[PDB]
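Chain IDs A, B, C, D, E, F, G, H, I and J follow the sequence of writing; residue 1 opens each chain.
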C-alpha cells in the first residue's frame, strides 16, 4: 500500500480548506503578539468566509530527500598532461569540500548540521590538442587523512593496496560510486563557531577534513598532447538535517569562511530597489 | 605456587621461581590425526626414548651480550634417539617444551626476552643478490651468538642485527610470538610449550626448521657482584614425536 | 548468459536519477546518530515561519536595517496609501524572505499567505489601518475605496501589537509560476483607516513591521535552481 | 499500478533514495509552547 | 536475520563500558607480571570510576576478510612491441609472486601462513608511439609449472589447448577472473625457514611456485609502434590466516628473501627521533 | 532478449568492489584445510597484544635495543619528569608498535589504551612512580602537581614487577583520526613519586620498560594504506 | 531493509566475499592459560 | 544435494587407505601373471603395513568432460585483402578438421571414437597496413557438404538463405556459437582402418567430412590495405568417448594420416637417453 | 528495460569458461547413440592400466624394442645394482608410459604407484631379486644394504612369472608437482638378492620387463598442456 | 552455499557443461574376467 501511494506521488498531504461563516465574537484569532517568537496560527477560514475545497496537492517533492537528492558539480579538476618525462607530473590533488561551487553549497548551507550518504558521479572529457587521442586511461583514488599522498604520476601510492580507486578509460561510461556518511561525529558541520587546538583557523576548516581526491593519467608515455577535465558530481542519499538557517544572501568568497567582502566592489544583495513604496 | 615441575621423559625439571608457563597459540601438542594426514605409512613414535629433556651447551651472558638464537629441530640434531630418528626418515613432526634457565642473585638486575618464532626466515647480512648458507642456519646445539667481529664467508652470512629480529622487523613487536621474559628480580626460568605448527602434516627434519628460539637481553645485565657474568642454559623436550618414510641414515 | 536487450537512455548520466551504485567503503559502519533538536524533514517547515519583508526597498534605505520598517505619521489626516507589494511570492520585495527564497527553488506556486504586522510605536500611540489584498485582472488600487472593495482587514492598534491577515489562494489554475514576469498574483496595499494619534510630548512618528509565512494551504513543486544567488568568480580553496 | 524494488548491495549506502515518512511536526519551529 | 544485521554492518560487536565504583581491597588487578608472556587483563572500569556507555562500534571492517579483500597491484608487465619480424619477440613472462610490490606484500606478511581464493583483475593501457593505434588484441595465458613456456610471439603454446588464457582487445573492459587456492599444502607460506633438496636457496623461493603469467600481442604484423602496459591487480577472497608476525619495518630489497641491507645507505626504520624524552 | 538498462558505474574497475567472476580453473579441488594453531580472524586480535613502545627515541639510542627502556636514578630526590608520550596511537613514538602499525592501516581511532610498565631493577631496589594521562585542551604537564590533577596511577614497585594503567577513551567525538597532526589525544607522563632507593653495593641505576595494547574498548575503521612503510626503488625478482 | 544474494557460478572460488563469523577468541594470543 | 556437492567439487571420490597388519600366509596377492592381460590388483595395504588415512581428493577434474571441455585453437585463417576489383578475391575457405593443430588433436586422439556437441569461439584481429582501418565487417558461413561454395567475395552464396552465418565487426566482442554433434554415425572417428568406394585415400579422410568454413570481408570496396586473422577455437561439451589408445609419440606430419616420417630428419620420440641404467 | 550493471570480465574470452551459446543448427536432431564397448568416463581409468616403462634408455638401445627390457646375468654372484628409476611420475624414463603421459596433462600429483615385474627367462632358470623404493631426502642407494633399509619386496621367481610391488604415497604435502625439476619423489632400485641360476645348456642371460599403473590411491589435478609433445612446423591439409 | 542453473535455450547443444556421474567402472579395462 506504499508501492502504490508513492508511484502517483501522494504520501505527505496538504490539508483541505473548510467552509467558513460570518463570525461575530470576543475571540480575535487575527490578533496575536509576534513578540513571543511564535508564528501566527491564523488560517484562511479564520479571517474570511471560505468555501470547501478538497486539496489534492503534495509535499513529497518538498522533502529533504527530494531537495538534496539531486547531483550537482562540486569540483572541476583539469589535468594538463606534459611530456617532460611524464612521470614527474600529471596528477590532480583536491582537498574534499562541498564548499567550492556555489549552487550545491547554498542548498546544504540552508541547515546547520546535515547527515547523509553520498553518490559521487564522474564526467571526464578529453580535450584533444594533437592530431589525435589514442588510448587514455585515468585513475581516481581517494586518499583519506593520513594516507600517503602521491607526489608523482610515478609513485607507489597508486598501487592503491587498501585505498579505493576507480578507473576510467575513453569510451567507458560515466563512473559512479556511493559513500557512507563519513564524519567522525553524528553529523557534518555546515558552520563552526570554533577554532583549532592552536586557537587558529576559525570555522569549518577544522571540522570536516575528508582528505583528498587524487587523479592521475595512467597510460604510459606517449605522443599526443591532451587535457583531461573530470568534473565531480554529488547527490545526497538518505538525508536528515537540523536547525535551518537563513539562506546565503551574497556571493561566496572563500571556502570554509563566511567572508563576504570583496575588493573595490559595492556590497550587493539580491534585493531590488524601488523608486517609491506606494507603487509596486 | 611459583613452583613448577615438568616431567617428560625419564627426565624431570624443577624451578622455584617461574612465571606461569605459556602454551603456544593456545594448543597443546598432539599426535597427527587420520583426517589431516598425508603420508600413508605407519609413523614411528619413540615415546619416552624421544620425548624427553635434551639440554644444550650453555652460553654466557655479559655486560656486552646483545643476543642469541637456535633453530629447531636443528639444535637437537645430535641428541639421542630424537636425533637419530631425525636422519633415518624423510619426515618427522614434533612439539616441544622449551625450558630456558638463568639464575642470579637478588643483587643482580637484567632482563631477557625469550621468544619462539615460527618460520623465522632470517635476513642476509649484505646488500644485493646474497642469501644465507645452509650451514649458517644449521649451527646445531651451539646456536648463533651476535658477534661484532668480521666473519668467515660474508656473502653467506645472516645479518647480525638483532634489534631487527634478524628478519627486518622491529624487535619489541617481537611479542605476537609465543614468549616469556626472564627478569632477574622476578623470575629465574622461562617455560614454553609448543604444538607442531606448519602448513603441512609432517615435514623434513633436515631441510626445514619449524621454530627458532631467540633470546636477546632487552635489559643489560648489571651487578656490583663479584660474578658479573652468568650462564643461560637451554633444555628442550620434544613431545608426541613421530617419524615416517624410513630409509638409510642421511649424513 | 541471459538474453537481454538494451534500451534508449542507457549509458546516460541523468542528474535527477536514483539508482544504486557499489559502495567504495565496504563494511564501514557510520557514527551513531544522536539527538539533535530541531530536525527538518520537509522544506515547508521553513516556509511556515515568519520572515521579515524588506518592504522599504528605496535606494535610500537599501543596505540598512530600515529597509525592514515603514513609517507612520501623525501629521496626516487622510485616506493615504502607506505602501504596496506585489503578492506573487518569488517577486520583489518578498523574494528575499524565507518563504520567497525557498519558493525560488521551485518553479510552481500555491497556497495562502500569512501577512502579519507589528506596530512598534509608543505604548500610548494609537491608529487604525486598513490592510487590503486586491485580486488580479485589475490595477493596483489608487484610492482607499478602490482597495477596500477587495479582501481586507481593518486593524486596530491596542494592547496586542500584532495582527495577521491572509491572502487566500485565489487563482485561475491550481498552481502558479514562481517567476510569472507578466502575469500578477495581485497586490497588498496598506492605508490609513483613521489617523495616527498621539498624546502631548510623545514621538509624532511611529514604525510598522511586516512578516510573511505560509498557511497550512501552501505547497511548491518542480524544483529548479535559484535565481537569487550566483557565482561570478571562482571560490578560494 | 504499483512498482518493484530490491536492494542489490551489501552496504547501506549503496541503496537508492529513501522512502518518505510524514512531516509529524512537532510544531517546534512555528509554536514551541511552554504553556499551551 | 543476517541479510539485515550485515546490511547496516553490525555482526561482530564491541562490549559496553560499565559503571564503576570506588574500590578499596587486596585485589590488585592493575598489578600483574608481564614476564608470564600474558597481556594484562585490566579494563577501564578496573582502575577508574567509569560511567555506563552503550557501545555501538563494530569490528566488521577489521576482519581478515575486509583487510585482505581489497585488490592492489602485484605486477606491472610492459610489452614493447618491435617490428623485427615481429614473431621472434613481443611476449611477457612473469614468475608469479605476491612479493614484488610492497604495499600488498606488507599486508599478507602480517601473517605466517595464509589461505584464500584470488581475484585477478587486469588494467591494460596502450601507449601510442605512432600517428595511430589500430586494432590491438592481447592474450594472457597462465603457464603452471611444467607447462610449455612460450619462446616467441609465434610458438604453438598460445594455442592454449588446456591452459587458461584470457583475451583483451582495445575498448573492452578490464578483464577479471577468479582462482581457487592453488597451493599444494594446506596454506601458502609467507616465510620459510628451510632450503631445497640441494641445500640451497633459503626461503620462500622453495615454497610457492605458481609458474608464470605469459603475455603476447596477438594482432598480426602491422605498422604502428606501441607499448602495452598491463597492470595486474589481486584481491583475496574467502580468507583465513595464522600466526601473526610483526610488520615489516624497512624497505623491501629482494623477493623471497627478508634481506634488508642496502648499498651505501644507512639502515632506516620508520621510527622518528626526538630531542629529548621529557617532551613529546 | 530481456529489456535491460545500463547504469552509471558500469564498466568500471573499483578496487574495493566484490562481485563474482568466472573461475579460470574449473573443477579444481583445493587442498584439505588442516589444523594450524593460532588462526587470526580479526585484526583487533593483534591490537590486543602487548607490544614494546620505543619510548627512548633520542638520536643517541636510535637503532639499538636501548630505545626500548628508560633509566631511573637513585641520584635524584625530586618530583622530576622521567618521560612523556603523545597518546594518539598512530603518533610517534607509538606508531612503531603492534597496535600503532595496525592503527596506521585505518583512518579512524577509538577505545581505551592499556599501558603496562615492567621494572627491571635489582630485586632489592625499590621506587614509587607516578603514571599520568593528562587529557587534551591543555599543554603537556610541566610539574608533578600539574600532572597528578589528571587521570593517574601511583605505582609501587614490589614483588610483582608490573603494573597496567589505562587511558580511558575520553574524547569529544565517538572516533578520532589516526593522523590528526594538529589536534592531540593527550599525553602520558611519568614522574618520581618518591625516589629510587638502593642498598649498599647494588647498581645505582635501574631500567623501566613500556608496553601497549588495546582494551575490549578498542576499534578501528576506514581502511587506508599505511604511512609507516614505502617502496623507493623496485624489488628484485 | 535487507539484501538479495545468489551465487551464479559452479565453483567455490567464483563466489563473492565471505560472510563474517564471531571473533570467538579463544584468548590464545592474549591469555593461553595453563593453570587458569 | 548435487547443487552443493559440486560447488566445492566433491562428487566422484577417491577411496581411503586402510590400516594394515603383519601378514604371514599362503595368499600371495603380490604374485600374479601379467601374461593374462590383466593389470594387478595389489593395493598399498597388501604389501606394506599402512596406516588409516581419510582421503579427501577428487577425480572430478579428471573426467572426460573436464579434459575435453576446454577450448583451444583448431585453425588460423588469414584473409589478405587486395584491391584488384576487390570482388574476385578476399575470401577464406577451410575444410573442417580437428586435425590441423597438434595440441587439441593429441587430446582427442587419446580415444578411438568420440562424441560431443561443440562450442566454436572466434578471435578475429585486424592487422592495419594503411594509415588507418575504417569500418571492417566480416562474415563467416558454414557450408556443409553439397552446399554451394562461394567462389568470389561476390557470389550469391553469401546470401546465406538457409546456411548459418555469423557476423563480426570491429569492436564487437568475440563471436561464439554451439554445434550439435554432427556425424552421420553414432560417434566421430578419430582413426579409420578403411578406404573409399574406389579403394583409395586410406584413413580419416573418408569419415568425417563436415564441409567447410568460409570467410569473407563484407565491407564494400575501400582504401585501406589490411589483413584479418580470425582464429577458430573449439570446446567439447557433453562428452563421451570409447576405446583409449596410446598417446601420439611423435610430431604430426599430415592430417587424416598417422604418417610420422620426415625428410632428412632422425625419428625422434620424447623419451630421453641416459648414460647408464644404474643411475637415475 | 531492466536496470542492470556491467561487471569486470565482461566481453572477455576465457578458454576455460562454460556458458551457453545459441545453437547454429536449430532443430537438428543428432544420430542415435549406440552401444560401443569400452567407454571411458574418467581419465584415471587409463592411469590404472599397466604400461611398459622404457627402463633401458641408453643411447644404444633407444629406438628399438630393447629399450623396454633389462638383462640379467648368471655370470654374477654379487649384491649388484641392476637398474634404478626416478619415482616422480612425469619424470624420465616413466614419462613415456600411459600413466606418465596423462600425468603430464596435469600439474599435480598424488597416490601410490604399482610397479609390476615379469621375468621372461627360461622356465628352468631361477633368481631372487630385491626391489626397493628409497624415500626422498637422501641419495639413490649405492649398495644393497643401503637400499633394503627402505620400503622393499624380495621377489622369488617361480611358477608365476610376475610380481607387483608398490611405492606408497609418502610425501610431505598432500599433492606433488608433475614437473618438480629439483625436488625428488624418491627412487626405485633393483638388485640381486641371490644370483641367476641356470641348468646345463640353457641361455646364461635372461630378460626382465617392467610395468606401471596407479592404485585406487591415485589422483591428478590442475590441467595443463603436455610437455611430451610439440608442433614444430605446420600440419598438411 | 549451493548455486543456480537454468537453461535459456531451445536446443540440447546450447546447454553448458554436463554434470558429473560416478566412474562405475565396470573393471573392463583393468579386469575383464571370464572366470572371476
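Going forward, contacts are C-beta pairs under 8 Å (C-beta built on N, C-alpha and C of every residue); 3 or more make two chains touch, one makes a residue touch a chain.
Participant: Count the C-beta pairs in contact for C-E and for C-D, then report the pair with the higher count.
Facilitator: C-D
Participant: Name the pair in E-I, A-C or C-E that forms the same interface as E-F; by residue number, over half of the contact pairs must coincide.
Facilitator: A-C
Participant: So which chain ends up in the middle if you average the CA atoms?
Facilitator: Checking distances from each chain centre to the full centroid gives E.
Participant: As a quick test, compute the distance in whole Å between the mean CA positions of chain A and chain H.
Facilitator: The mean C-alpha positions of chain A and chain H differ by 60 Å.
Participant: State, to the nearest whole Å, the distance from the C-alpha centre of chain B to the C-alpha centre of chain H.
Facilitator: 57
Participant: I'd like the Å distance between the centres of chain B and chain E, where a centre is the mean of that chain's Cα atoms.
Facilitator: Comparing mean C-alpha positions, chain E is 30 Å from chain B.
Participant: Where does chain B touch two or more other chains at once, residue-wise?
Facilitator: 20, 22, 24-27, 35, 38, 40-41, 129, 170, 173-176, 178, 181, 183, 186, 197, 199-201, 203-204, 207
Participant: Taking each residue of chain I in turn, which ones touch at least two of the other chains?
Facilitator: 1-11, 13-16, 18-23, 25, 28, 30, 37-38, 40-42, 44-46, 48-49, 105, 112, 136-137, 151, 168-169, 172-175, 213, 217, 221-223, 225-226, 230-231
Participant: Give the residues of chain H touching no fewer than two other chains, as numbers and ranges.
Facilitator: Where chain H meets two or more other chains at a single residue, that happens at 6-9, 12, 17, 39, 44, 48, 50, 56-61, 63, 66-67, 69-70, 72, 101-103, 107, 123, 173-174, 178-181, 237, 244.
Participant: Considering the complex alone, what residue numbers of chain I touch chain H?
Facilitator: It is residues 11, 13, 15-16, 18, 20-25, 28, 30-34, 36-46, 48-50, 54-59, 62-63, 67, 70, 81-86, 92-93, 95-96, 98, 101-102, 105-106, 110, 112, 114, 116, 118, 140, 151, 153, 160-166, 168-169, 174, 187, 211, 213, 215-223, 225-226, 228-237 of chain I that touch chain H.
Participant: Which positions of chain C touch chain J when the two form their complex?
Facilitator: 1-3
Participant: Help me check something: in the complex, which residues belonging to chain J touch chain H?
Facilitator: Residue positions touching the partner: 1-5, 11-20, 22-23, 29-33.
Participant: Show me the residue ranges of chain H that touch chain I in the complex, using the header's touch definition.
Facilitator: Going through chain H, the ones touching chain I are 12, 14-15, 17, 28, 30-35, 39-40, 42-44, 46-48, 50, 55-59, 61-64, 66-67, 69-72, 95, 99-103, 106-107, 110-111, 113, 115, 119, 121, 123, 142, 164, 166, 173-174, 176-187, 233, 235, 237, 240-244, 246-249, 251-255, 267, 269-280.
Participant: Of all residues in chain E, which touch chain H in the complex?
Facilitator: Per the stated touch rule, the residues are 131-132, 134-135, 137, 156, 158-162, 164, 167, 169, 171-172, 218-224.
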